[PDB]
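Undergrad: Below: one structure in structure tokens.
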Amino acid sequence: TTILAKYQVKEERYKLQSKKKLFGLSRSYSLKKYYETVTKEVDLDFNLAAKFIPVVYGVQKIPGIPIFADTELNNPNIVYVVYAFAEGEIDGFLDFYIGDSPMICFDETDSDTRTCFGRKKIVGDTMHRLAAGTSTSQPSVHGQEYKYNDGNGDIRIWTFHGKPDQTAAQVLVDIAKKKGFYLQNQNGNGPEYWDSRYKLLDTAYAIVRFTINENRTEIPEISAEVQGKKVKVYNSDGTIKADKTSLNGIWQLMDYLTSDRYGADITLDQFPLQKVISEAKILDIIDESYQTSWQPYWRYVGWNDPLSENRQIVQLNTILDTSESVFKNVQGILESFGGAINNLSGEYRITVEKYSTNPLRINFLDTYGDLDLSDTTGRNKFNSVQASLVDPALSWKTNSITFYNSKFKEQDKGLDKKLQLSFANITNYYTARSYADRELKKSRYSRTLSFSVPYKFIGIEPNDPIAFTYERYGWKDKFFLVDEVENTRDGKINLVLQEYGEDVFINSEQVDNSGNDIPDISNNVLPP
Amino acid sequence: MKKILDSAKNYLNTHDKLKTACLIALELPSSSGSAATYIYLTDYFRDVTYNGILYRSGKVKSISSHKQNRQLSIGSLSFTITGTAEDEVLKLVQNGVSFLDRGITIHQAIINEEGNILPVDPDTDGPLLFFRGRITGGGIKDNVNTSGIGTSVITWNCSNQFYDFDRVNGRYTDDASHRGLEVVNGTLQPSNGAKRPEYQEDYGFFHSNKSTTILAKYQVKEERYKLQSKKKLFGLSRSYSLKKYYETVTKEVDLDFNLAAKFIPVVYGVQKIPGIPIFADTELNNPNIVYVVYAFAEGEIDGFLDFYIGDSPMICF
Amino acid sequence: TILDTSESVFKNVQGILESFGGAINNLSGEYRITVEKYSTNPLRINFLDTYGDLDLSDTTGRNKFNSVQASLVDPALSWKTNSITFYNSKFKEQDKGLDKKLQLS
Amino acid sequence: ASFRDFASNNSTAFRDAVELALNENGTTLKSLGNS
Amino acid sequence: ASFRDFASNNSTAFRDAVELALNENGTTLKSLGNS
Amino acid sequence: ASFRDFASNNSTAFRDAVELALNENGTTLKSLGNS
Amino acid sequence: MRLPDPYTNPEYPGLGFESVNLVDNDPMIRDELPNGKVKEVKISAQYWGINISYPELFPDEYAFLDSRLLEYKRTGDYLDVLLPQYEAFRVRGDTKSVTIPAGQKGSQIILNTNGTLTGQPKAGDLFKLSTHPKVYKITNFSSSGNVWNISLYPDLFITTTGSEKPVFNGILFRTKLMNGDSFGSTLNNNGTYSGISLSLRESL
């Protein structure tokens with residue numbers, strides 16, 4: 001960092017962008033406090049939490065942490081600096097932000113303001129277009145060199161993906177072999193300055209080479225859009241597919257939970273594969289509210305082929321700031337798709353909210369006689385929702401999703417009550433809108449029920465469908481979802497049910513926001 | 001000091017055995033907002049007629065204690081119905097019914113020797129008010145004992161207008177929120193969610209999303225996406241410490257990740273506030289002439305006293 | 001005053017109060033605004049008119065101060081912060097010269 | 001006395017009873033996850 | 001047991017009893033309004 | 001009632017019983033010294 | 001199983017109830033309204049409770065009794081008892097040819113003897129269905145020729161399926177012991193077990 005600071009502006013001398021901008025708005029925060037806490041850049045001279053390596057699932061933008069910086073001996077204005085992006089075996093780098101302008105320009109509007117290649121809108125061009133020269137929409141290649149000249153200087157990247165068995169970069173080894181590094185000669189070091197031991201295992205990085213000259217007099221802040229760590233997707237038959245990253249939340253959580261390198265080391269033994277596989281398909285249900293054609297930034301929202309469906313109900317492109325606690329990281333991965341880690345009955349069970357046509361029928365005469373109804377309509381029932389997300393349609397800025405409901409305001413005597421939300425791991429606008437609509441629908445059912453059942457009915461777990469039937473009330477097979485379950489050693493099970501509805505899980509039709517994208521074509525000098 | 005009639009001041013001083021009844025009048029939780037049905041109830045053993053309204057008896061069991069401090073707080077009250085009426089049970093446990101903003105008024109009535117209401121409140125020449133607020137909550141507690149006597153208690157929860165302390169009522173600078181847009185069949189049509197019915201054809205905040213990015217072109221590299229904090233000092237109480245309080249105070253906020261900086265403030269008296277851009281565009285044949293619109297404050301203001309072009313006001317000190 | 005509307009209604013009301021005293025009261029039906037004041041005809045309560053219980057509690061520590069220091073946004077400056085600080089010789093003659101400062105904003 | 005053991009067997013009730021007096025004003029105990 | 005109802009009828013006492021053990025050190029419960 | 005005096009004589013037990021239900025999740029009462 | 005008694009084992013006359021307490025246990029959600037009206041809701045099932053007290057038991061009789069009780073505690077089944085005060089054989093005949101039409105719920109019941117039974121079951125006597133083990137109590141009787149209309153205190157637990165047969169004699173309560181946890185017997189110097197008593201309770 002100190003060596004790199006010499007080739008930077010007085011400002012941004014010792015600074016780095018925050019890895020995660022939005023993290024999640026819950027009852028632990030207030031609107032003012034939550035939106036004031038979000039930071040853009042952190043100083044590296046007093047923030048030891050900014051030097052932790054993040055892990056990315058899906059297409060997300062992350063800053064690069066320098067780990068090496070040195071110039072050539074006889075060409076001191078050529079500086080090699082190494083930035084470590086992300087953790088684990090990533091699919092590749094989609095694009096590189098040299099300053100605040102990506103190498104692949106957004107659309108026609110950004111093309112007429114600077115020297116750029118390809119289009120990120122509709123076409124979905126990727127960085128590999130720099131080497132191939134054709135229209136390519138797939139990530140970089142491990143260890144391949146890319147040449148980018150925008151007219152102000154030459155920049156070469158040498159993208160490296162994470163691998164368990166990486167070899168040392170040949171370019172840096174070759175330079176260090178001939179005593180080519182300036183500070184290597186200054187301090188008298190030999191070939192050991194950079195050697196075959198410099199493997200950098202399990203860490204993706206890029207060796208960006210700068211040619212500082214009359215025009216690019218400073219090293220701009222480097223950021224990249226990675227595609228994320230590959231995850232193991234388990235199939236029902238038994239085969240194991242781990243070749244690409246997955247947007248499914250359950251697979252991302254399973255990867256985070258079974259990794260002893262980052263996170264907790266929960267072995268695959270302590271997991272029922274069939275239950276997890278069945279629950280993944282719940283998040284894999286195709287949504288029919290919007291059309292695939294309505295998303296022009298298809299490549300940069302996690303999708304890989306516009307022809308395919310790519311219309312899953314919940315899709316997550318997440319950044320996990322590894323400097324956080326494991327408990328808080330898991331708690332943040334959940335609450336983005338529902339989810340409830342359960343340690344009952346031995347294994348770790350992942351359960352998500354769902355509707356079933358064959359729930360378990362509990363009559364009140366099957367209980368122990370106690371019953372507590374509690375509906376807190378105040379503080380929990382809302383008529384409209386306002387959400388925010390980091391949308392790649394903009395320059396990874398925040399976009400607000402706001403809509404009202406005329407039926408819910410016709411009810412409640414026209415009272416104005418707004419639900420405030422913020423999605424951290426969702427980047428697709430339509431998915432975020434659907435999730436906000438689901439939360440707004442789910443807020444209208446605020447009524448819980450608690451009772452105890454005998455040892456029989458053993459096996460009840462949270463987020464299970466149960467039909468309650470108490471003839472004294474007007475209840476005949478009323479839909480409930482388990483919220484609290486307690487098992488005693490004397491064969492008594494205490495339950496707390498949460499009321500739900502069928503309408504919660506149907507998707508309302510929406511319109512396309514494809515024409516309301518605002519690329520940041522500023523921050524650069526316009527040509528004559 | 002809630003003044004009391006001198007006539008009541010004699011009865012409350014001479015008579016020792018006072019027969020008091022609490023007259024409850026709660027709005028029925030209804031599925032829709034149409035009409036306004038009221039259930040009138042009393043704690044007395046016989047029905048009590050007040051202003052021609054028969055407050056029927058036999059349902060209410062107990063009422064809680066209304067406490068009010070000198071610190072702002074929700075005023076919670078809890079009155080319980082029998083729970084074995086089986087006509088009040090269905091109203092509470094009905095499906096698809098909401099009582100988010102249903103009110104309740106409770107009177108404190110004193111009965112005379114002849115069975116009438118002793119006038120106390122001077123303005124109304126009737127009984128006092130015990131509590132008037134909103135219904136926020138509820139529940140029923142069934143307890144079936146396998147040997148003995150079981151009990152069931154329906155408890156309604158009440159509070160004042162500030163029950164939802166985590167509620168942000170504000171006009172966020174956006175078209176979708178200002179006009180209350182909602183998809184009806186296949187288009188985003190304005191609805192009744194707008195604070196006024198005349199807001200449905202107001203396109204003032206139409207170009208507010210791109211105003212900041214367009215404006216940033218004509219600014220310094222710093223202050224590119226920034227805005228001054230609307231309120232600098234907010235108040236030092238026992239909830240803060242000196243160091244924390246004076247470190248929290250901020251001068252400028254970034255507009256690309258602070259959605260709370262796009263809310264419209266309300267100003268009483270002479271105060272300095274920043275302007276939130278809602279439109280910015282140049283002329284066609286004179287591109288160096290740029291029109292930018294800043295929305296200062298809310299409501300009918302008296303006027304603008306001065307404008308700070310940069311950090312220097314137009315009218316010098 | 002400036003009311004940052006992004007705040008909650010509850011907190012905005014709680015902040016408008018405590019600037020002039022004030023206590024919103026929902027007792028006796030209506031909303032009543034009461035401020036601290038002195039009266040020459042207060043209501044006379046004798047202890048024999050009570051129910052017999054009585055609790056006296058004086059927390060002089062953590063609540064009694066001899067001097068005050070406050071701050072405000074003063075338009076005399078360029079809307080910057082100005083500090084108002086003054087002492088009291090009588091209150092420090094009492095309390096055996098202890099230095100205790102009240103901090104306000 | 002032996003009250004500690006008991007309270008340790010009814011902790012959630014204590015938490016709820018505490019959070020029920022802080023909600024009188026705008027304070028709540030779910031604001032500790034930030035810190 | 002039936003202790004929950006009781007505690008819900010004496011919440012302010014619980015709040016005060018809690019804040020009386022946090023004042024031993026410099027902690028107090030009035031520092032939640034910020035968050 | 002006379003429960004206030006008692007609770008004021010057993011405050012530390014209340015504090016511990018509270019902090020024992022907040023540790024179920026990741027919350028704890030030692031995060032008030034910051035504020 | 002069967003609780004031993006002088007009818008099953010006449011060689012042990014010490015067995016046999018010195019005093020039997022047939023209690024009625026119907027839990028109810030009773031509520032006393034402020035207006036004077038008392039409202040009670042029946043939800044929990046009703047169950048007869050039987051408190052049996054034994055006279056001075058000699059060692060062999062107590063050996064038989066506690067052997068049977070310990071067999072009960074071992075195999076875990078139910079313990080049937082036959083109250084003798086309700087053993088007045090007031091209805092002769094065989095009840096197999098008596099049909100109870102299906103689809104009947106509530107206290108009332110209609111059964112057709114088809115001219116088979118001789119004797120009228122007066123109010124206060126016991127009644128029990130062939131299939132279900134619940135024991136009812138006749139409160140009123142009215143017959144029009146062969147058809148009998150009987151009103152029972154506890155509502156019919158199960159709706160008649162058209163095959164249940166009336167049982168007007170030899171009615172056994174399917175009970176469970178409630179003194180099992182701590183059941184002691186004292187032996188006097190006279191040679192008899194004194195103060196042997198049972199607190200039974202009908203199950204289901």
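FYI, nothing fancy with the structure tokens labels: chains A, B, ... in order, residues from 1 per chain, ligands from 1 as they appear.
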Taking only chain E into account, list the residues labelled helix (DSSP H, G or I) by DSSP (computed from the backbone), as a list in words.
TA: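 Selection result, helix (DSSP H, G or I) within chain E: residues 3, 4, 5, 6, 7, 8, 11, 12, 13, 14, 15, 16, 17, 18, 19, 20, 21, 22, 29, 30 and 31 of chain E.
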Undergrad: Keeping N, CA and C atoms for every residue in the selection just given, could you write it to a file as a compact mmCIF listing (two decimals), in the first residue's frame?
TA:
```txt
# COMPACT_ATOMS: atom_id res chain seq x y z
N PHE E 3 -45.76 -17.76 34.82
CA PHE E 3 -44.91 -16.65 35.22
C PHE E 3 -44.86 -15.57 34.16
N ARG E 4 -45.11 -15.93 32.90
CA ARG E 4 -45.05 -14.96 31.82
C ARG E 4 -46.08 -13.86 32.00
N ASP E 5 -47.33 -14.24 32.27
CA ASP E 5 -48.37 -13.25 32.50
C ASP E 5 -47.97 -12.29 33.61
N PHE E 6 -47.52 -12.83 34.74
CA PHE E 6 -47.12 -11.99 35.86
C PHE E 6 -46.06 -10.99 35.45
N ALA E 7 -44.95 -11.48 34.89
CA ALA E 7 -43.88 -10.59 34.47
C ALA E 7 -44.39 -9.53 33.50
N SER E 8 -45.34 -9.90 32.65
CA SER E 8 -45.93 -8.93 31.75
C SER E 8 -46.78 -7.90 32.47
N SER E 11 -43.63 -5.13 34.19
CA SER E 11 -42.49 -4.96 33.28
C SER E 11 -41.56 -3.84 33.74
N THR E 12 -42.12 -2.72 34.17
CA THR E 12 -41.28 -1.58 34.55
C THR E 12 -40.34 -1.94 35.69
N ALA E 13 -40.80 -2.76 36.63
CA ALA E 13 -39.92 -3.19 37.71
C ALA E 13 -38.76 -4.00 37.16
N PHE E 14 -39.02 -4.86 36.18
CA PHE E 14 -37.94 -5.61 35.55
C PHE E 14 -36.94 -4.68 34.88
N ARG E 15 -37.45 -3.70 34.13
CA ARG E 15 -36.56 -2.74 33.48
C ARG E 15 -35.67 -2.04 34.50
N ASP E 16 -36.26 -1.57 35.60
CA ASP E 16 -35.48 -0.87 36.60
C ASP E 16 -34.46 -1.80 37.26
N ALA E 17 -34.87 -3.03 37.57
CA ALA E 17 -33.95 -3.97 38.20
C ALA E 17 -32.79 -4.30 37.27
N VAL E 18 -33.05 -4.33 35.97
CA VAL E 18 -31.97 -4.55 35.01
C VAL E 18 -31.04 -3.36 34.98
N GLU E 19 -31.61 -2.16 34.83
CA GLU E 19 -30.78 -0.96 34.73
C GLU E 19 -30.03 -0.68 36.02
N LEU E 20 -30.40 -1.33 37.11
CA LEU E 20 -29.70 -1.11 38.37
C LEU E 20 -28.42 -1.93 38.49
N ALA E 21 -28.29 -3.00 37.71
CA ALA E 21 -27.07 -3.79 37.70
C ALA E 21 -26.12 -3.37 36.60
N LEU E 22 -26.62 -2.69 35.58
CA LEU E 22 -25.77 -2.14 34.54
C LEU E 22 -25.12 -0.83 34.96
N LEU E 29 -29.34 1.60 30.10
CA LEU E 29 -30.27 1.20 29.06
C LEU E 29 -30.83 2.38 28.29
N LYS E 30 -30.55 3.61 28.71
CA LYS E 30 -31.00 4.77 27.97
C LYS E 30 -30.13 5.05 26.76
N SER E 31 -29.18 4.17 26.45
CA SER E 31 -28.31 4.30 25.30
C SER E 31 -28.79 3.48 24.11
```
Undergrad: Residues of chain B within 12 Å of chain G, counting only C-alpha atoms, what are they? List them as a ChimeraX atom specification.
TA: /B:21,42-47,56-62,80-86,141-153
Undergrad: Those same residues, written as a compact mmCIF listing (two decimals), in the first residue's frame with N, CA and C atoms?
TA:
```txt
# COMPACT_ATOMS: atom_id res chain seq x y z
N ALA B 21 -69.60 2.92 36.30
CA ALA B 21 -69.69 2.04 35.15
C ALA B 21 -68.82 2.61 34.04
N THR B 42 -70.69 -2.19 28.32
CA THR B 42 -70.55 -1.59 29.64
C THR B 42 -70.10 -2.64 30.63
N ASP B 43 -69.50 -2.17 31.72
CA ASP B 43 -69.07 -3.02 32.82
C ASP B 43 -70.13 -3.14 33.91
N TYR B 44 -71.23 -2.41 33.79
CA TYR B 44 -72.28 -2.39 34.80
C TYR B 44 -73.14 -3.64 34.68
N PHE B 45 -73.89 -3.93 35.75
CA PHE B 45 -74.71 -5.14 35.76
C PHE B 45 -75.95 -4.98 34.89
N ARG B 46 -76.43 -3.76 34.71
CA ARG B 46 -77.55 -3.48 33.83
C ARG B 46 -77.10 -2.57 32.70
N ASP B 47 -77.85 -2.60 31.60
CA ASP B 47 -77.55 -1.74 30.48
C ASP B 47 -77.74 -0.28 30.87
N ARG B 56 -74.99 -2.28 26.05
CA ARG B 56 -75.39 -3.58 26.57
C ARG B 56 -74.31 -4.14 27.49
N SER B 57 -74.75 -4.96 28.45
CA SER B 57 -73.88 -5.51 29.48
C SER B 57 -73.66 -7.00 29.25
N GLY B 58 -72.86 -7.60 30.13
CA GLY B 58 -72.65 -9.03 30.12
C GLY B 58 -71.47 -9.52 29.31
N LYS B 59 -70.64 -8.63 28.78
CA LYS B 59 -69.52 -9.06 27.95
C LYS B 59 -68.18 -8.63 28.53
N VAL B 60 -68.06 -7.37 28.93
CA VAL B 60 -66.79 -6.85 29.43
C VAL B 60 -66.52 -7.41 30.82
N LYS B 61 -65.26 -7.79 31.06
CA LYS B 61 -64.87 -8.39 32.33
C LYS B 61 -63.95 -7.50 33.16
N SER B 62 -62.92 -6.92 32.54
CA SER B 62 -61.97 -6.11 33.29
C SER B 62 -61.32 -5.10 32.37
N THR B 80 -60.78 -6.64 28.73
CA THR B 80 -61.02 -8.04 28.41
C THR B 80 -62.51 -8.32 28.30
N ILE B 81 -62.90 -9.05 27.26
CA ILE B 81 -64.27 -9.51 27.08
C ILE B 81 -64.32 -10.94 27.61
N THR B 82 -65.54 -11.46 27.84
CA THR B 82 -65.68 -12.74 28.52
C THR B 82 -64.98 -13.87 27.77
N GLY B 83 -65.09 -13.88 26.44
CA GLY B 83 -64.49 -14.92 25.65
C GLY B 83 -65.33 -16.17 25.48
N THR B 84 -66.44 -16.28 26.21
CA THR B 84 -67.40 -17.36 26.01
C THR B 84 -68.68 -16.86 25.36
N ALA B 85 -68.68 -15.62 24.85
CA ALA B 85 -69.86 -15.09 24.19
C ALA B 85 -70.14 -15.82 22.89
N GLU B 86 -69.09 -16.27 22.20
CA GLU B 86 -69.14 -16.97 20.92
C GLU B 86 -69.69 -16.10 19.80
N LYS B 141 -57.25 -16.51 25.05
CA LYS B 141 -56.47 -17.49 25.81
C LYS B 141 -57.40 -18.59 26.31
N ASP B 142 -57.42 -19.71 25.59
CA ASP B 142 -58.17 -20.88 26.01
C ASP B 142 -57.33 -21.75 26.94
N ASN B 143 -57.96 -22.23 28.02
CA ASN B 143 -57.30 -23.07 29.01
C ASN B 143 -58.27 -24.18 29.42
N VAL B 144 -58.18 -25.32 28.73
CA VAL B 144 -59.06 -26.44 29.01
C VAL B 144 -58.37 -27.38 30.00
N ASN B 145 -58.85 -27.40 31.24
CA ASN B 145 -58.32 -28.29 32.26
C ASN B 145 -59.03 -29.63 32.18
N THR B 146 -58.26 -30.72 32.25
CA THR B 146 -58.85 -32.05 32.15
C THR B 146 -59.63 -32.43 33.40
N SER B 147 -59.48 -31.65 34.47
CA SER B 147 -60.22 -31.88 35.71
C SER B 147 -60.31 -30.56 36.47
N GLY B 148 -61.50 -29.96 36.49
CA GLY B 148 -61.70 -28.70 37.15
C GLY B 148 -62.45 -27.74 36.26
N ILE B 149 -62.15 -26.45 36.42
CA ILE B 149 -62.82 -25.39 35.68
C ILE B 149 -61.80 -24.74 34.75
N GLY B 150 -62.14 -24.65 33.47
CA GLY B 150 -61.33 -23.93 32.51
C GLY B 150 -61.79 -22.48 32.37
N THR B 151 -60.92 -21.67 31.77
CA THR B 151 -61.21 -20.27 31.56
C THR B 151 -60.79 -19.87 30.15
N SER B 152 -61.49 -18.87 29.60
CA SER B 152 -61.12 -18.27 28.33
C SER B 152 -61.25 -16.76 28.48
N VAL B 153 -60.23 -16.03 28.05
CA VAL B 153 -60.22 -14.58 28.15
C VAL B 153 -59.84 -13.99 26.80
```
Undergrad: Within 10 Å of residue 102 of chain A, counting only C-alpha atoms, which residues show up once you throw out same-chain ones fewer than 6 positions away? Write them as a list in words, please.
TA: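 Once the adjacent positions are removed, what remains is residues 95, 96, 116, 117, 120, 127, 222, 223, 224, 225 and 395 of chain A.
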Undergrad: With only C-alpha atoms considered, list every residue of chain D at most 12 Å from chain A, as a list in words.
TA: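 So the contacting residues turn out to be residues 23, 26, 27, 28, 29, 30, 31, 32, 33, 34 and 35 of chain D.
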Undergrad: Those same residues, written as a compact mmCIF listing (two decimals), in the first residue's frame with N, CA, C and O atoms?
TA:
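Result went into again.txt, see below:
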```txt
# COMPACT_ATOMS: atom_id res chain seq x y z
N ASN D 23 -40.71 -0.67 25.08
CA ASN D 23 -41.59 -0.31 23.98
C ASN D 23 -42.59 0.77 24.38
O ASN D 23 -43.20 1.38 23.50
N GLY D 26 -39.81 4.58 22.53
CA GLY D 26 -39.44 4.01 21.25
C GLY D 26 -38.25 3.08 21.30
O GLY D 26 -37.71 2.71 20.26
N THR D 27 -37.83 2.68 22.50
CA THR D 27 -36.68 1.81 22.64
C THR D 27 -37.10 0.35 22.51
O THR D 27 -38.21 -0.04 22.89
N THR D 28 -36.20 -0.46 21.96
CA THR D 28 -36.41 -1.89 21.86
C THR D 28 -35.07 -2.60 21.89
O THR D 28 -34.04 -2.01 21.55
N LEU D 29 -35.10 -3.87 22.28
CA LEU D 29 -33.88 -4.63 22.48
C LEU D 29 -33.36 -5.26 21.20
O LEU D 29 -32.26 -5.82 21.21
N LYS D 30 -34.10 -5.18 20.11
CA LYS D 30 -33.63 -5.70 18.84
C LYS D 30 -32.64 -4.76 18.17
O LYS D 30 -32.23 -5.02 17.04
N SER D 31 -32.26 -3.68 18.84
CA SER D 31 -31.29 -2.72 18.32
C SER D 31 -29.89 -2.97 18.85
O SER D 31 -29.07 -2.05 18.88
N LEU D 32 -29.59 -4.20 19.27
CA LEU D 32 -28.27 -4.56 19.74
C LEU D 32 -27.47 -5.35 18.72
O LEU D 32 -26.25 -5.44 18.85
N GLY D 33 -28.13 -5.91 17.71
CA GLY D 33 -27.41 -6.62 16.67
C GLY D 33 -26.48 -5.74 15.87
O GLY D 33 -25.47 -6.22 15.34
N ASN D 34 -26.80 -4.45 15.76
CA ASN D 34 -25.91 -3.53 15.06
C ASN D 34 -24.57 -3.43 15.78
O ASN D 34 -23.51 -3.56 15.16
N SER D 35 -24.60 -3.20 17.08
CA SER D 35 -23.40 -3.02 17.87
C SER D 35 -22.70 -4.35 18.13
O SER D 35 -23.27 -5.28 18.70
```
Undergrad: If you count only C-alpha atoms, which residues fall within 7 Å of residue 226 of chain A, apart from same-chain ones fewer than 4 positions away, as a list in words?
TA: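 Non-adjacent residues within range: residues 59, 60, 61, 92, 93 and 94 of chain A.
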Undergrad: Write out as a list in words the residues lying within 12 Å of residue 11 of chain G, counting only C-alpha atoms and excluding same-chain residues fewer than 4 positions away.
TA: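 Skipping anything fewer than 4 positions along the chain leaves residues 4, 5, 6, 7, 15, 16, 60, 61 and 64 of chain G.
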Undergrad: How about saving the chosen residues, C-alpha atoms kept, as a JSON list (two decimals), in the first residue's frame?
TA:
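The new file again-v7.json reads:
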```json
[["chain", "number", "residue", "atom", "x", "y", "z"],
["G", 4, "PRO", "CA", -60.76, -59.41, 41.29],
["G", 5, "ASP", "CA", -63.96, -59.30, 43.32],
["G", 6, "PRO", "CA", -66.22, -61.80, 45.14],
["G", 7, "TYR", "CA", -68.13, -62.44, 41.91],
["G", 15, "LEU", "CA", -62.19, -58.66, 48.29],
["G", 16, "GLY", "CA", -65.19, -56.53, 47.52],
["G", 60, "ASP", "CA", -53.67, -64.48, 51.05],
["G", 61, "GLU", "CA", -56.42, -62.18, 49.77],
["G", 64, "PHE", "CA", -54.06, -62.31, 45.15]]
```
